[PDB]
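One structure below.
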Amino acid sequence: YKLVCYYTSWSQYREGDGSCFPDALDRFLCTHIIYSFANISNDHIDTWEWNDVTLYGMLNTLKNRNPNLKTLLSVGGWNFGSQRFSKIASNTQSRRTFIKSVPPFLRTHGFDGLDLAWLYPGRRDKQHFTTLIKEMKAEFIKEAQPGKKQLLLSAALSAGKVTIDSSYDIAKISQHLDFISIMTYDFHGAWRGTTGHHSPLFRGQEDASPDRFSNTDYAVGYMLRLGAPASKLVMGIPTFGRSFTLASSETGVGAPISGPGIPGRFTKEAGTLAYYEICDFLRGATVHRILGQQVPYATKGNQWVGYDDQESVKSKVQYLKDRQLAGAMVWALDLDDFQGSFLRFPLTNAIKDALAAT
Ligand SMILES: *[C@@H]1O[C@H](CO)[C@@H](O[C@@H]2O[C@H](CO)[C@@H](O)[C@H](O)[C@H]2NC(C)=O)[C@H](O)[C@H]1NC(C)=O
Ligand SMILES: COCCN(CCc1ccc(Br)cc1)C1CCN(c2nccs2)CC1
Ligand SMILES: [Br-]
Ligand SMILES: [Br-]
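Numbering follows my numbering, with no gaps: position 218 of the sequence shown is 352.
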C-alpha cells in the first residue's frame, strides 16, 4: 500500500510548537512525501518560498537512512494564479517550456517526481489538462530511457462530482499518471447555513443529507466508474477539521450556524482547525460519532467541528482496502500532531498501522 503525505512549506512560519520543518517528519512514516507548493514563473517550474532550496534539502535528506522513501514536488495550489496554469497548459509554447523545465529542476533538487495540484482546470481546460499530463509523462519517459529511475507523475484530483465532470477526462489521464490522489475532504455536503462533516465516509442518514455525492464513498465509486484503476487510486484523508459557529442550542448534524468556526491559535484561519488544535479543543468538549457517516464531530459552546480521529481513519483505511485501492493520502503532515504534544503523528501513524492489514 502507498501512504502519500503532503508537507506544506508555509507551515514553517507558524508560531511556537506549530512551526513545522521537514526535519520534524518521520522518514519512515510514509511511502511518499509531497512538498507543496512549487511556483510556475516564466513558464518554468521554480521555487516559491525564499528558503525552498534549503527545505528541499531537509526533506530529501530523509531518504539517506530510508531508501524506499520517495519524494515529489507539487505544483499548483489554491492561492496560485490558476490563469497561469491554464496559460501553460493551453499555450503550446509555454507548455513545452514548462515540461522541459520540470525534469532538470527535479533532478537538481533531488525529487523523485512531480505532483499536479491544479485547482481547477475547469470546462475550458479539461482537454488542455489531458494534453499536459500526456506530454509530461512522455518527457519523463524520454529523460530516463538511458537506464535511469523514471520520474513519477501524480495528480491531486477533486472529489466533487461537478468539478470532476467539468474538469477531468479520467480514463485518459489515468493511463499516464502513476497515481491519482482523490481529495476526499472539503466536501460542501451540508444544507446551507447548517453544520455538516466535510469528510464523511458514507452518505449516512438519507434525509439528513442534501445530496448523494458529498461523501468519500461516492467520490471513490465515481472515480472508479469513470475508468480510474483501483491500483492507481490513493484516497485522501484529512488531518484537519471543518468548523462552524453554532447559532442555537442544536449541536447535531443539521444545526443552524452563523458562519465559520473561530480560528485556531496556530493556523489562524476561520472555519478550519489542525488536528492538534482539535486535540486542544477536545478538552471539555463532547464528541458524537455520526452514525451513518463513520466520522466524529466535537462540540463545545457555540463551536462545532467535524474532524477525523484514529478510529475514523482506521475505518477509512478499511474502506480503501476493501476497495483494493493503491493506499491512502494525507493532508497534511504539518496539521497532524507532529510534535506529539497530545508518540508523534497520531493520525498518520494510525493510518499506517491500519494499512498493515491484520
Ligand atoms: C510565482 O510566479 C509568478 C509568475 O512569474 C510571479 O508573479 C510575478 O511576481 C513579480 C514579483 O512580485 C511581479 O512583479 C510580477 O508582476 C508577477 N507577474 C505575474 C504574472 O504574476 C510570483 O511573484 C511568483 N511567486 C513567488 C513566491 O515566487
Ligand atoms: C478553506 O480551505 C480550503 C482548502 N483546503 C483546506 C486547506 C486548509 C487546511 C487546514 C487549515 Br487549518 C486551513 C486550510 C485544501 C485542503 C487540501 N488541498 C489539497 N490536497 C491535496 C492536493 S491540494 C485542497 C485544498
Ligand atoms: Br441530479
Ligand atoms: Br450519477
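From the three backbone atoms N, C-alpha and C, an ideal C-beta is built for every residue, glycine too.
Straight-line measurement puts the Cα of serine 343 at about 39 Å from the Cα of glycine 150.
If you compare the alpha carbons of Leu206, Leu425, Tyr431 and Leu459 with that of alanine 419, the shortest gap goes to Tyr431. Rounded to whole angstroms, the separation of the alpha carbons of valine 429 and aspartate 487 is 18 Å. If you ignore the 5 residues before and after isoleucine 396, its C-beta comes within less than 8 Å of the C-beta of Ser377, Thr379, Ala404 and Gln437, all in its own chain and listed in chain order. Using a 10 angstroms sphere on the CB of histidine 262, the tally of other CB atoms reaches 16 or more, which defines it as buried.
Here the distance from the Cβ of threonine 401 to the nearest heavy atom of ligand 2 is below 7 Å. Listed as beta-bridge partners of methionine 192 by DSSP are no residues whatsoever. A direct Cα-Cα distance of roughly 42 Å separates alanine 364 from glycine 435.
Each of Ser333, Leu358, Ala362 and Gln339 was checked against the Cα of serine 348, and the nearest Cα belongs to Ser333.
For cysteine 413, the enclosing alpha helix (DSSP H) has its first and last residue at 409-416. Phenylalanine 374 has its Cβ nearer than 7 Å to a heavy atom of ligand 2. Residue environment analysis places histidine 322 among the exposed positions, since fewer than 16 neighbouring C-beta atoms fall within 10 angstroms of its C-beta. Between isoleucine 179 and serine 235, the C-beta gap is smaller than 8 Å, which places the two residues in contact.
When secondary structure is reduced to three states using DSSP, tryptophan 144 falls in the helix class.
Environment of ligand 1, chain-ordered: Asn173, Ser175 and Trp182, taking every residue with Cβ within less than 5 Å of a heavy atom.
Between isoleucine 174 and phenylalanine 239, the C-beta spacing is not below 8 Å. Counted as a single uninterrupted DSSP element, the alpha helix (DSSP H) harbouring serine 300 occupies residues 295-301.
Of the residues assessed, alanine 272 falls on the exposed side of the cut-off, its CB having fewer than 16 other CB atoms within 10 angstroms. 8 Å or more divides the Cβ of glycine 355 from the Cβ of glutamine 427. Closest by C-alpha distance to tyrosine 169, out of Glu445, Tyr140, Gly152 and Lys136, is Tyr140. Placement of the Cβ of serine 365 at a distance of 7 Å or more from every heavy atom of ligand 2 is found.
Taking 8 Å as the cut-off, the Cβ atoms of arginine 229 and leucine 286 do not count as close.
Taking a C-beta distance under 8 Å as the contact criterion, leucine 253 and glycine 210 qualify as a contact pair. DSSP, read as helix, strand or coil, puts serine 392 in strand.
Contact between the region 470-480 and the region 445-452 is absent: fewer than 3 CB-CB pairs across the two stretches fall below 8 Å. Within its own chain, the residues whose Cβ lies closer than 6 Å to the Cβ of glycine 330, once the five positions on either side in sequence are excluded, are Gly323 and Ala324, listed in chain order. For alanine 172, the enclosing beta strand (DSSP E) begins and ends at 166-175. If one requires a minimum length of 3 residues, no beta strand (DSSP E) run lies completely within the region 255-290. The beta carbon of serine 382 lies closer than 6 Å to those of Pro390 in the same chain, with the five residues before and after it left out. Spatial neighbours of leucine 416 in its own chain (CB-CB distance under 7 Å, excluding positions within 5 residues in sequence) are listed in chain order as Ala432. Following the DSSP letters along the chain, one finds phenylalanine 239 inside the alpha helix (DSSP H) bounded by residues 226-243. In the same chain as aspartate 249, and ignoring 5 residues on each side of it, the C-beta atoms closer than 6 Å to its own belong to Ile168, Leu206, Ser208 and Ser288, in chain order. Cβ neighbours of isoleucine 307 within its own chain (closer than 6 Å, five residues either side excluded): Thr264 and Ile267.
Assigned with DSSP and collapsed to three states, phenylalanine 214 falls in coil, not helix or strand.
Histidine 243 is classed as buried because its beta carbon has at least 16 other beta carbons within 10 Å across all chains shown. For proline 480, no beta strand (DSSP E) segment is defined; the enclosing uninterrupted segment is the alpha helix (DSSP H) at 480-489.
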